[PDB]
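Protein chains in written order, with PDB author numbering: chain A, 1 to 129; chain B, 1 to 129.
Every residue gets a Cβ at the ideal spot worked out from N, C-alpha and C, and that includes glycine.
These notes concern the structure reproduced below.
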């Protein structure tokens, strides 16, 4: 295995992956997000945010409140392990994070914090071998 | 025949109608919105808002900032000809307005102003011809 994954987002407000597994041999993990549709980021922008499954809705709320210039993530939100920028159709963004931030056996939520998207764009991330 | 129409909204962020025609025989018109999904308004709330095609993005934006308790529509928004409340799955709302507010030959936009829904929940309303 290896320490990176590619996820796709489209114009129908969906990710193509519902779960991601980070190999235990990984010190760092890289998430490559692609926006496969053609809608503007102002209309159907997408990001990828990682948090404890618990913090999902709270980070989502504060994120909506941060605005597009903050990539719909409250700046310095400590419940956020990692996040990409918001991208529109045709673009891509990557984020690399320290695997040490994850706790083995625990589950994580990854979701899109662009306004209203968290309800449909959500998945699970877990650390496994 | 009637001066009424029922439009459905679901969990996939779709309206079941993409165009609505108001008969010239009507003095008034009623729109019955039904949310036939099973998601709560906090996650997939839907409303029906009618504006001139050009006011769509401004009304949506401003409605966004008004909040859920305001049905995601700014109070006294003069660009809004008519709107229902935001409803969740299993609920319905009706709105009646004056046909004289519409101009024969003009295209109106109807859309959902819940955060991020306008891009997907939008249709056209016009007078009969």
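Sequence-distant partners of residue 57 of chain B (beyond 5 residues in either direction) whose C-beta falls short of 8 Å from its own C-beta, in its chain, are 118.
Per DSSP, reduced to three states, the secondary structure at residue 61 of chain A is helical. If you check the CB distance, residue 93 of chain B and residue 28 of chain B do not come in under 8 Å. For residue 49 of chain A, the uninterrupted beta strand (DSSP E) segment begins and ends at 49-52. Taking every protein chain shown into account, the CB of residue 18 of chain B has fewer than 16 other CB atoms within 10 angstroms, so this residue is exposed. Nearest C-alpha to residue 42 of chain A among A/25, A/26, A/23, A/67: A/67.
Within the segment 96-128 of chain B, those residues whose Cβ lies closer than 9 Å to any Cβ of chain A are, in chain order, 114, 115, 116, 117, 118, 119, 120. If you look at residue 20 of chain B, you'll find it isn't in any alpha helix (DSSP H); it sits in the beta strand (DSSP E) that goes 19-22. With a beta-carbon spacing of about 6 Å, residue 38 of chain B and residue 11 of chain B fall inside the 8 Å limit used to define contacts. For the pair of segments examined, the segment 44-51 of chain A was found to touch the segment 83-93 of chain A: the number of CB pairs separated by less than 8 Å reaches three. Within the segment 55-117 of chain B, the beta strand (DSSP E) runs of at least 3 residues that lie entirely inside it are, in chain order, 92-98, 108-111. Within the DSSP secondary-structure output, residue 122 of chain A pairs in a beta bridge with A/111. In the DSSP assignment, the residues bridged to residue 28 of chain A are A/98. Residue pairing by DSSP places residue 9 of chain A opposite A/15, A/35 in a beta bridge.
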